[PDB]
Amino acid sequence: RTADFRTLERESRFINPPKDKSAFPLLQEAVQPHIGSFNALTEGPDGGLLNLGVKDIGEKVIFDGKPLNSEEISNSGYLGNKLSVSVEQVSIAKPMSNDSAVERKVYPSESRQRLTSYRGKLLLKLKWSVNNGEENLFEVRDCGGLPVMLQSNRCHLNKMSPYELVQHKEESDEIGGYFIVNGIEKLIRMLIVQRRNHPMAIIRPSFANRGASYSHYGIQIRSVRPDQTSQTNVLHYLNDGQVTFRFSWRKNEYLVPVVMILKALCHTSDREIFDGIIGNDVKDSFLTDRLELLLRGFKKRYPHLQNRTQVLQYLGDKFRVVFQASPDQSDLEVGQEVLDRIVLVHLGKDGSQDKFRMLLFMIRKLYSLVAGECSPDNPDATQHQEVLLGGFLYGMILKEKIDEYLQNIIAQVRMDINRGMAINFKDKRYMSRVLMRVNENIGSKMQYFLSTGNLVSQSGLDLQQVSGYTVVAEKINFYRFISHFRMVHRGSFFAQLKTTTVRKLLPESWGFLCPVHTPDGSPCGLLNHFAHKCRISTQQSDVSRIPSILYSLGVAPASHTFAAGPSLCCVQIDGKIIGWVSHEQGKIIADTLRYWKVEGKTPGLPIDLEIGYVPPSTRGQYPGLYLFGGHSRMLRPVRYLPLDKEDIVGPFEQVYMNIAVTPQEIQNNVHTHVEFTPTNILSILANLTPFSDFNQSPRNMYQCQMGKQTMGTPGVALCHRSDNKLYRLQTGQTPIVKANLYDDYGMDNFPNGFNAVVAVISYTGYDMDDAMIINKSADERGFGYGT
Amino acid sequence: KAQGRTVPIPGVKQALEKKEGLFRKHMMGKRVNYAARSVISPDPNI
Amino acid sequence: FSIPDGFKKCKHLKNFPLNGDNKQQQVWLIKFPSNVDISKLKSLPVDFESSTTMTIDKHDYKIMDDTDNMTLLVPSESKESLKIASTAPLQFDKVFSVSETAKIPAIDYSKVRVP
Amino acid sequence: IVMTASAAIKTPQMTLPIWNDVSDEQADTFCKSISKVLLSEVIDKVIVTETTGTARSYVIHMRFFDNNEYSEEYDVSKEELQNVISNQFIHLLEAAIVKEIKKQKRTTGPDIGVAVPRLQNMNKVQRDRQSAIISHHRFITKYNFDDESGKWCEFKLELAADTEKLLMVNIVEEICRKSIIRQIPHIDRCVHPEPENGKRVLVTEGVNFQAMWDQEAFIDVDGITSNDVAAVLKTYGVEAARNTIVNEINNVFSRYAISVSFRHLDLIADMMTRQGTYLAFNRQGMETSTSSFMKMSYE
Amino acid sequence: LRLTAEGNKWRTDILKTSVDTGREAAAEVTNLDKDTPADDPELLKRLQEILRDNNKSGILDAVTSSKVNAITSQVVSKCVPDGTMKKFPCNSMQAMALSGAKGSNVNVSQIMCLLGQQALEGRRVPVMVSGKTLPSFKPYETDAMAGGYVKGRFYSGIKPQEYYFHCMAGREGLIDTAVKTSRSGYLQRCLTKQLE
Amino acid sequence: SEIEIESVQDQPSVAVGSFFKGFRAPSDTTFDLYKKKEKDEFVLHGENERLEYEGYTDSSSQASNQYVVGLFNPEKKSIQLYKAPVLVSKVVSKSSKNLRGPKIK
Amino acid sequence: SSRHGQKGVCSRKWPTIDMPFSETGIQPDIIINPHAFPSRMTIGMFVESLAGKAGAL
Amino acid sequence: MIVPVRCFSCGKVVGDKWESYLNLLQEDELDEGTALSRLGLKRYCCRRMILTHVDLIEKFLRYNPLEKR
Amino acid sequence: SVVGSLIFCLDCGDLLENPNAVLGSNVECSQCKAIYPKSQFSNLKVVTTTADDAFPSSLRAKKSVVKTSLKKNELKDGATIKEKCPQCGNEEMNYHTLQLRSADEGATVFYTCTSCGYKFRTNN
């Protein structure tokens, strides 16, 4: 008959911490993008991001300064003995303490009390290959203590039930997601980054002021490797009618003609490039001239480059120094190495045909933007972005440090061969001598990142900023603490801009980014907080079975069709252009896919899949069927009207989707979905605010900041802590007036206030606008007392 | 006005213009004796 | 060339009825999914324009027809392998494509929209 | 005003008081007569028919709006359009094509491997006219303009066999929005707003008093206001500039409904005009001050 | 904070005319005679032309805003104070606004009548490339609510669509307080040093 | 309108190979067909005095789509169906097999 | 502060004898000035007041 | 932490009524309201005191650095 | 195959050079030394139209079916509240709302008169 508080249930759970599944699953679902992100570093298919990362950094070559002595012109060309060093596997151990002999388990409570770091032993199988594997030497090298995330894959608490956690001096429903570094709990802040594997048509005045006769128009795709490392490729339209390919290696930008990078990927004719960009719209005079400028320009500048091999050799010759790929690597090898490491890396190696098709599509999208056929894509909008999770960022910098680690081994060998010469690479003694003369403490390097937030890297990753990647998981009260793990920042670089569009609350954020929960002043609209039911993608699956479903639904293969433009629908799966269809059929496929998606009868179509359909419009967004399944995606649950079942929606696909708020507001022929509860669009703290639909907008916002600054309960396991400073309310009380989500997050474990007899009265004369009166006899009785 | 040494030591010109300058920070404005600071509270009885 | 490995040359090739007289000849191209069996169906219902309906063992299909490069290679003889079709290059008279269509259910508004 | 005493104001304006004998239609026609007119504003379509024969032939057809349409919207005649194309536009177009040929032959392409900076049937009178224009232009062959109706302008451009491919439409487009039909110096647009406190006025988006002095039949030359202090000082003197400072500072406060006593503004203005010039409250204005200690404690 | 049964009837009746206003203004800027339906194919094509241009959208926003704000003014003029249950001097909320003790009749009207049109940077609510102002509303919806016009009051509560739109306009002010490089510190310092 | 089928051939016979827009060729050269043994992949190869033709089947398209070519009769209203694989064909020239030193300066 | 963004500093710790006393015999723990609400428009607190009282009884 | 001694508002002893309240909810199976009435809490200030009490002390006590396990 | 101003090979698909740059009566492909032309390729022409968005003007705006500009006075101030005018004494008075300063600070009201047209600024 009511929406009561659990009193009998609460007190029983306080005495008896459950031995089964922990209560309040939403609390663990809040730290799901943090724990999940770090879990994918070792566990999951393909052996985790860290094993994929060392598989992508590859070998590091150095040659011995010794002759061949063969009975010859070979002697002069002989570089010596080859030494290719790499890392096959990467291991992480749960925190242990050795005393030199037998190891003992070290729990988080110990690390906090000891004022030390909760580190796990980092191991990595080093490969010492000589003369291209004529003799291989393996050694599992201990690379220091890597700080491990709490309640994760490599934490001692992940299996533990509420009872076990209390017996191990932790909170009954301990969330985790943070790192204990020198006694300080530090977390990796989530970042808003460009949506992976999608060509974005952007107008930027910045592009013009860089080079000669450069326009505002351009295309930008953020290609991501399976190890989560990113590599952005940019297309520029010059006023000459020339198209240039922009990229980054080390920390320098490089420009190459697009017709050169196209001919390097696969053997094609000039007409194959023509058919690839210009479809049946051959009569478009605007396109007819622009493409002639590209093809004739390439023929004028490079008349010698007449085949795929010559192009690769010319590319290899000019990039042999920057890519450091030398001195036995041919210009054909270096050329291909450039392509495999720079051009559309999301499609990866053995997918040059796929890279060629995607590149032609980017040129057509670029020409549609110049003409005006296509409106520019907004990077600041939620639809054209994803969320770089902490664990993924941690894995990226780890991959960077192991690349540095291999570079250091070569540096030691280069020092050795440039002086005393020492001995050969086949001797294990020499390997052991080199290895202990190299700084192998990657754990300290990773401990530095978690202790300063400063990004020290040779590439600088695909990020703009270099600081503030890590923040102290402030436990002044639980409300502030739980909000940290739901907080997302656009970037430190964006905070120093006169643009207000970035800070503006947009409709694209509906159900993903909370409209209330944002700070006042400088972090307003920059330091956002996600919705309580919003989730972030940890990996992808069944993605390989979807092209088979699409081709069967009438999708004509891109390799046979040869027709491109905004006049036809382009079908893509994680940036992989698979085919071509009509815009009429394009929606039919998009609607029928969603139907078999929610139905548990189809094995190859996952419910978490994003079906981004873009209908054709008059000077609107570039049309197509851009499907997504990959990591970092923003996802939220909604009720799908036919079948009456749950459906997962992304911010890209939502823009054209008609989702009613309440079931009574469903309009015929113009609605496909409905919300479960409108409370799904707000944060945890925003939902906790009583009758927020009766308060003025900035007061609801200020409450989030207030509840964060309140002297409440920072925890109950304080007698085993040693934090800088803690604020504890002695007499905590359960709210009579409360949202039911207060119980769903078990906020009664950490009371933030007290129920007081409040009279709206002007009586004393000391209370006026910003001043309020407290009762003396109440204060004397311990009301609002804190320590 | 001196050659680069492998931040240099400030000269007497730098001492007079450290930030706002000696004239602005210690002549036009000064820290004073017989003064106090506190949070203000309202009172209708005074 | 000779490469790749595991590939054997096609010696025997079946006869193709190609004449192109004048009461005239027509060459058709059809696209089909891997789920349907071609040897099972002995009759295909097809009419002009995009409008088409087909049902083969619970599964529903639609035959998309379009007026309008692909090159047809017809075998002149089994020993002559394959050669480009010509009359005076050659193009298909009519091009068709079979697309699997699913019936999406109508929203039960009387059951979902509740005051 | 106060801090920089800028001679180059962001929005320089002129308030022109119109007489009573000049009607609302006459004043709007006058606004059009002074407003800067560009070739872009009268053109509807440009069709370039690039044909390569024998020589790159470029048939540029200028499809303008109807003669009565732009004459009622910009106060521009067909005769006015003829003079601009035959004297300015062709000379500007020829210079742009020559520059584009040089730019094509200069840099063949970007340097690979080298690092670039980071992101972050014709009449007799018509024939004599065409022949005279051919003698004044090095690349044109034909020039026919609609003299009766006044709707189009067609002209043929002949280029060498070595000139090869070129984007003429984009080249033409840029020169059209750069070509001025009629412009009164330093003035961009003259508009007719709602009468300010009962006063019939015209607000100019530029400053040139001597040009407005010639429009005595429309404007009361003894009441022509301007926000630009330096421009007022140059033409009307220090006391006029002084009066502009007290009025302009008052406009800044009156807009935000803030009342500041004129005793303050008059003092500020008198201090800025103490040297008979327009001095600002900064290092430059301060140079003429007796106290070196006051100067030392500023910067 | 309460209106009388008589006063609340007036509120619902004036706000009943606001549904037509959305399409009426949309039909005026687009230039269409006899007032074409909300689902008209030519009207929807005409509204798209407006969506792609910053100036054209401005004309649409300013016309629709002036028309819905006229409906707001009517509600407020009728319901306050002749429709309020408790009246001055006893209605303390009303008393504080009239006395000048704290608040105004504008705040009082948002509490007891309606929030009105949520204005963002001089215009209405921002609209997506799809022509949708929210995923809940129809693409190129010719309704006042879709544009940000809140019929709800803080006493009765505000709908989720209205809540999100209020969140936009509410934050918009705080964003301006964050992006305001203009300071009166140096301006005054330059005058005082020369005029001391 | 139900159209009847006379015969269906599941054996290799006739094939289709897409080149580019505006392909003529000498129309006297031969194309050697190849096969690999669930789904069979086909490879096309031709030779000329100045040119050379190479074709193959798309791995993602073969397992998902099955292409067929048929001959229609205007009076009998019967179609003779024959399975035809689509081969993505590229043409290499005499200019190919040209390269400089593996390492230059 | 209440859960409606109505923060205020403690102006004084008023004695219960000097505090206004209810018909029930209760004197408020906290006193909020009525002049806070017309500008902030925190009606959520107003409904929270009669809800909290109903739930306590 | 533990049940407060005396009601913050009036001063009526509430500390002796915490364990007795849980017994009226468990054994007697009464509702929240009737249980408080039987304890002698009629003022809503005294009513909320026990009704709204969390009792985090039982959660706090489970961490004892003086006894093993 | 010839398209617009572009001339492509039928055998390989390479873009053939302009007939004016190379030697007379005969043109040859760079890939294979193919025999061309046929003289039937003709003097190629391309009809390139203007962008239409390239010339933004007041007249181009008057050619738009939707309203592009507002009239001199045909735009009335909608928001009106009953408030005593401090200028002389009027009932009808316009208003504007915006949340200035911190999230703790109140809302500022911007009043406007209808009889004269005088702006205003007062928080409370």
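A, B, C, D, E, F, G, H and I label the chains in the order they appear, each numbered from 1.
Here, contacts are C-beta pairs under 8 Å (C-beta built on N, C-alpha and C of every residue); 3 or more make two chains touch, one makes a residue touch a chain.
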| item | value |
| --- | --- |
| Touching subunit C and also subunit F, the following chains | A |
| From subunit G, the most remote chain by mean C-alpha position | F |
| Rounded Å distance, subunit H centre to subunit I centre (Cα mean) | 69 |
| Length of the line joining the C-alpha centres of subunit G and subunit I, rounded to whole Å | 56 |
| Between subunit I and subunit E, distance of the C-alpha-averaged centres to the nearest whole Å | 28 |
| Centroid spacing, where centroids are CA-atom means, of subunit A and subunit F in whole angstrom | 43 |
| Junction residues of subunit C - those touching two or more other chains | 31, 33-34, 69-70 |
| Residues within subunit G bordering two or more other chains | 5, 7, 9, 11-12, 26-29, 34-37, 39-41, 43, 46, 52, 56 |
| Residue numbers of subunit E (touch at least two other chains) | 49, 102-104, 107, 110, 154-155, 170, 172-174, 176-177 |
| Complex contacts: residues of subunit A adjacent to subunit B | 765-766, 768, 771 |
| Partner subunit F, residues of subunit C touching it in the complex | 1, 4, 6-10, 13-18, 23-34, 38-39, 41-47, 69-75, 80-84, 86, 89, 93-94 |
| Parts of subunit D lying in touch with subunit E, wherever the complex brings them together | 2-3, 267-268, 271, 281-282, 285-286, 289, 294, 297-298 |
| Contacting residues of subunit E [partner subunit D, same complex] | 186-187, 190-191, 193-196 |
| Subunit I partner contacts - residues on subunit E that touch it in the complex | 28-31, 46, 49-50, 55-56, 59, 62-63, 65-70, 72-73, 76-77, 80, 100, 102-107, 109, 116, 119, 170, 172-174, 176-177 |
